[PDB]
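Trainee: Got structure33.cif for you, mmCIF, C-alpha atoms:
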data_work
#
loop_
_atom_site.label_atom_id
_atom_site.label_comp_id
_atom_site.auth_asym_id
_atom_site.auth_seq_id
_atom_site.Cartn_x
_atom_site.Cartn_y
_atom_site.Cartn_z
CA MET A 1 126.68 182.46 198.48
CA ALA A 2 122.98 182.19 199.46
CA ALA A 3 120.81 183.26 202.42
CA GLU A 4 117.25 183.24 201.02
CA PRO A 5 114.24 180.93 201.57
CA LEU A 6 114.70 179.27 198.17
CA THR A 7 112.93 175.96 197.38
CA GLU A 8 113.75 173.46 194.55
CA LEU A 9 111.27 175.13 192.16
CA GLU A 10 112.77 178.59 192.85
CA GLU A 11 116.24 177.02 192.58
CA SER A 12 115.38 175.58 189.14
CA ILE A 13 114.21 178.99 187.97
CA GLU A 14 117.18 180.92 189.42
CA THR A 15 119.44 178.33 187.75
CA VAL A 16 117.77 178.89 184.35
CA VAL A 17 117.89 182.70 184.55
CA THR A 18 121.50 182.75 185.83
CA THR A 19 122.48 180.21 183.11
CA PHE A 20 121.65 182.82 180.44
CA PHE A 21 124.57 184.71 182.07
CA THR A 22 126.63 181.55 182.77
CA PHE A 23 125.95 180.43 179.19
CA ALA A 24 129.59 179.78 178.32
CA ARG A 25 131.19 182.77 180.09
CA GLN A 26 129.13 185.58 178.52
CA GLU A 27 129.56 189.25 179.44
CA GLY A 28 127.24 191.86 177.89
CA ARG A 29 124.43 189.28 177.64
CA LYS A 30 121.09 190.90 176.71
CA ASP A 31 118.10 188.58 177.26
CA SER A 32 118.22 185.11 175.61
CA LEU A 33 119.80 184.24 172.23
CA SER A 34 118.39 184.24 168.67
CA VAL A 35 115.61 181.78 167.77
CA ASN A 36 117.28 179.38 165.26
CA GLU A 37 120.52 179.76 167.27
CA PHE A 38 118.57 178.64 170.37
CA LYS A 39 117.25 175.59 168.43
CA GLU A 40 120.85 174.63 167.45
CA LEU A 41 122.09 175.22 171.02
CA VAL A 42 119.42 173.08 172.74
CA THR A 43 120.07 170.05 170.47
CA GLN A 44 123.77 170.41 171.44
CA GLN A 45 123.19 170.99 175.18
CA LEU A 46 120.83 167.98 175.20
CA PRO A 47 123.11 165.13 173.94
CA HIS A 48 120.68 162.55 175.34
CA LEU A 49 118.63 161.28 172.34
CA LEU A 50 116.61 163.87 170.31
CA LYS A 51 113.64 161.62 169.44
CA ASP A 52 111.55 164.82 169.08
CA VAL A 53 108.00 164.30 167.79
CA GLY A 54 104.79 166.35 167.86
CA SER A 55 105.96 169.73 169.17
CA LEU A 56 109.14 169.28 167.10
CA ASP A 57 107.01 170.34 164.13
CA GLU A 58 105.23 173.17 166.03
CA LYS A 59 108.56 174.59 167.18
CA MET A 60 110.18 174.07 163.76
CA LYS A 61 107.52 176.23 162.08
CA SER A 62 107.68 178.77 164.94
CA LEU A 63 111.42 179.17 164.27
CA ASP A 64 110.91 179.03 160.45
CA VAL A 65 108.54 182.07 160.53
CA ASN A 66 111.09 184.69 161.68
CA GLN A 67 114.02 183.02 163.47
CA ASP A 68 115.99 186.23 162.76
CA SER A 69 114.00 187.55 165.73
CA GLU A 70 115.55 187.58 169.17
CA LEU A 71 114.34 184.94 171.59
CA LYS A 72 113.55 186.05 175.18
CA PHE A 73 113.65 184.06 178.42
CA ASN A 74 109.86 183.70 178.88
CA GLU A 75 109.44 182.42 175.30
CA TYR A 76 112.60 180.31 175.55
CA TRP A 77 110.80 178.81 178.55
CA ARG A 78 107.74 177.58 176.59
CA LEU A 79 110.08 176.29 173.84
CA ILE A 80 112.27 174.18 176.20
CA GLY A 81 108.97 173.06 177.78
CA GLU A 82 108.04 171.76 174.35
CA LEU A 83 111.56 170.28 174.16
CA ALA A 84 110.98 168.28 177.41
CA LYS A 85 107.52 167.31 176.02
CA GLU A 86 109.44 166.07 172.91
CA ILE A 87 112.64 164.52 174.39
CA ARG A 88 111.24 162.65 177.38
CA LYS A 89 114.16 161.41 179.49
CA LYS A 90 113.30 157.70 179.96
CA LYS A 91 114.14 158.04 183.68
CA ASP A 92 117.87 158.36 184.42
CA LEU A 93 119.16 160.45 181.48
CA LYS A 94 122.69 160.77 182.98
CA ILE A 95 123.06 157.00 182.27
CA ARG A 96 123.70 158.17 178.64
CA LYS A 97 122.04 154.93 177.48
CA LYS A 98 123.78 152.13 179.49
CA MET B 1 127.52 170.18 184.18
CA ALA B 2 126.66 166.46 184.69
CA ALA B 3 128.32 163.23 183.46
CA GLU B 4 126.77 162.42 180.48
CA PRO B 5 128.18 165.30 178.33
CA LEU B 6 125.09 167.48 179.09
CA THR B 7 125.28 171.27 179.52
CA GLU B 8 123.87 173.51 182.32
CA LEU B 9 120.84 174.29 180.09
CA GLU B 10 119.89 170.56 179.89
CA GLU B 11 120.97 170.27 183.54
CA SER B 12 118.09 172.64 184.37
CA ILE B 13 115.57 170.56 182.43
CA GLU B 14 116.49 167.28 184.14
CA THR B 15 116.18 169.17 187.46
CA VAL B 16 112.67 170.42 186.55
CA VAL B 17 111.45 166.99 185.38
CA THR B 18 113.02 165.41 188.50
CA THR B 19 111.35 168.01 190.70
CA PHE B 20 107.85 166.92 189.59
CA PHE B 21 108.80 163.70 191.44
CA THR B 22 110.70 165.59 194.17
CA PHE B 23 107.60 167.76 194.71
CA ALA B 24 106.24 166.72 198.12
CA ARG B 25 106.36 162.88 198.23
CA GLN B 26 104.17 160.43 196.17
CA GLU B 27 105.02 156.91 194.82
CA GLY B 28 105.76 158.24 191.31
CA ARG B 29 103.98 161.32 189.94
CA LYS B 30 101.97 161.72 186.71
CA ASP B 31 102.91 164.88 184.76
CA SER B 32 102.22 167.88 187.02
CA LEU B 33 99.64 168.92 189.68
CA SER B 34 96.16 170.40 189.14
CA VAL B 35 96.24 173.87 187.50
CA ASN B 36 94.94 175.98 190.41
CA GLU B 37 96.95 173.86 192.87
CA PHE B 38 100.10 174.34 190.74
CA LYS B 39 99.59 178.14 190.83
CA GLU B 40 99.33 178.17 194.65
CA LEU B 41 102.24 175.74 195.09
CA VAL B 42 104.54 177.89 192.90
CA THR B 43 103.36 180.99 194.84
CA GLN B 44 104.33 179.18 198.08
CA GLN B 45 107.68 177.97 196.62
CA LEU B 46 108.48 181.54 195.43
CA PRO B 47 108.13 183.68 198.63
CA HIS B 48 110.92 185.83 197.05
CA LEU B 49 108.90 188.94 196.07
CA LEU B 50 105.60 188.14 194.29
CA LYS B 51 105.27 191.49 192.50
CA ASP B 52 103.46 189.62 189.69
CA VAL B 53 102.00 191.85 186.98
CA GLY B 54 101.89 191.21 183.23
CA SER B 55 101.55 187.40 182.93
CA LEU B 56 99.64 187.46 186.20
CA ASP B 57 96.72 188.20 183.84
CA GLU B 58 97.50 185.65 181.03
CA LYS B 59 98.16 182.99 183.66
CA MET B 60 95.18 183.86 185.90
CA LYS B 61 92.72 183.45 183.02
CA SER B 62 94.67 180.44 181.64
CA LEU B 63 94.15 178.74 185.04
CA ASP B 64 90.56 180.06 185.50
CA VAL B 65 89.27 178.33 182.31
CA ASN B 66 89.45 174.86 183.89
CA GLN B 67 91.82 175.36 186.82
CA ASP B 68 90.56 172.20 188.53
CA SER B 69 91.97 170.04 185.73
CA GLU B 70 95.21 168.04 185.77
CA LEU B 71 98.11 170.09 184.48
CA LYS B 72 100.99 168.47 182.55
CA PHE B 73 104.69 169.35 182.34
CA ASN B 74 104.16 171.06 178.95
CA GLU B 75 101.68 173.62 180.37
CA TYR B 76 103.54 173.89 183.70
CA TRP B 77 106.66 174.90 181.79
CA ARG B 78 105.13 177.92 180.00
CA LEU B 79 103.41 178.83 183.30
CA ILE B 80 106.68 178.95 185.34
CA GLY B 81 108.17 180.82 182.34
CA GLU B 82 105.36 183.36 182.77
CA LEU B 83 106.13 183.29 186.52
CA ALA B 84 109.74 184.33 185.67
CA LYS B 85 108.24 186.95 183.26
CA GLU B 86 106.23 188.23 186.30
CA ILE B 87 108.74 187.96 189.18
CA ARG B 88 111.71 189.31 187.20
CA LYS B 89 114.23 188.38 189.94
CA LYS B 90 117.09 189.27 187.54
CA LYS B 91 119.69 190.74 189.97
CA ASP B 92 118.50 190.97 193.57
CA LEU B 93 117.58 187.31 193.75
CA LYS B 94 119.45 186.00 196.81
CA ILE B 95 118.99 189.50 198.28
CA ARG B 96 115.47 188.07 198.86
CA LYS B 97 113.32 191.10 199.89
CA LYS B 98 114.52 191.05 203.47
#
Spit out the file's structure as structure tokens when you get a sec.
Mentor:
Amino acid sequence: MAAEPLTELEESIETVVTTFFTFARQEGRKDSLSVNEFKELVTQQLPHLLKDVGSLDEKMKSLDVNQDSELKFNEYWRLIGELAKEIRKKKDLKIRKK
Amino acid sequence: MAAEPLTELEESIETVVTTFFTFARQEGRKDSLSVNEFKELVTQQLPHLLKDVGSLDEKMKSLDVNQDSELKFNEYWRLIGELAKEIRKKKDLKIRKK
């Protein structure tokens, strides 16, 4: 249900935050996942291409440091930002390729 | 969720990158808006609560530096992440405020 003045931006954000809950049916969810875990999840969740250059390296070292650490939603954010900045959907990603 | 075999996580990312285009009409966008502009636009898009403390500071100065300048999706990402860090909607999201 909904009855709030949401807008597409808000909707994107509410989707992300709720998706930590609706991860793959996940009760007792804390914040986000673990850091390396996250890296392995995103490459799965994004089947599209994984061309990943530039921030690939940045993120790789960031995980390498202490991936044992928990990730948290705000940091997750930056990291998937970097992931978009890496894996740039050509236009119509849902096309798969053709 | 979609049909290539992409998951809800990736689903959110395509929605964000889309929504730069589906912002407020232009014949194909660049990367994001101007920094300051971006901050006001997200404020407008998120009427939800706007309690904004913590990353209010990080983000305020981050904008201030050269807030005029063109923002790109990379920076934008972190910044809306910080916005989630700030407005920690969490539970009472669709509950709005009143």
Trainee: Find the nearest atom pair between each residue of region 12-60 of chain B and region 6-25 of chain A for residues within 7 Å, count only C-alpha atoms, give distances in Å to one decimal, sort rows by chain and ascending number, and present the table as CSV.
Mentor:
residue,atom,partner,partner_atom,distance
B:12,CA,A:12,CA,6.2
B:15,CA,A:12,CA,6.7
B:16,CA,A:12,CA,6.4
B:45,CA,A:7,CA,5.7
B:46,CA,A:10,CA,5.8
Trainee: With all C-alpha atoms paired in order, what RMSD does the least-squares fit of chain A onto chain B leave?
Mentor: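 Answer to one decimal place: 1.8 Å.
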Trainee: Written as a PyMOL selection string, what is the full residue list that the PyMOL selection byres ((chain B and resi 81-92) around 8) yields on the file shown?
Mentor: (chain A and resi 13+17+73-75+77-78) or (chain B and resi 49-56+59+77-80+93-96)
Trainee: Under the rule that all atoms listed in the file are counted, which of A:48, A:64, A:28, A:41 is the nearest residue to residue 97 (chain A)?
Mentor: A:48
Trainee: Dig up all the protein and nucleic acid residues within 12 Å of (93.7, 180.6, 184.5) in the file frame, using all atoms listed in the file, and format them as a list in words.
Mentor: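 Checked against the point, the hits come out as residues 34, 35, 36, 37, 38, 39, 40, 55, 56, 57, 58, 59, 60, 61, 62, 63, 64, 65, 66, 67, 68, 69, 71, 75, 76 and 79 of chain B.
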Trainee: Between CA of residue 42 (chain B) and CA of residue 2 (chain A), what is the distance in Å, rounded to a tenth?
Mentor: 20.0 Å
Trainee: Considering only C-alpha atoms, state which residue in the set A:44, A:70, A:32, A:27 is at the smallest distance from chain B.
Mentor: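 Checking each candidate against chain B, we get A:44 as the closest.
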Trainee: Figure out the distance between CA of residue 26 (chain A) and CA of residue 47 (chain A), please, to one decimal in Å.
Mentor: 21.8 Å
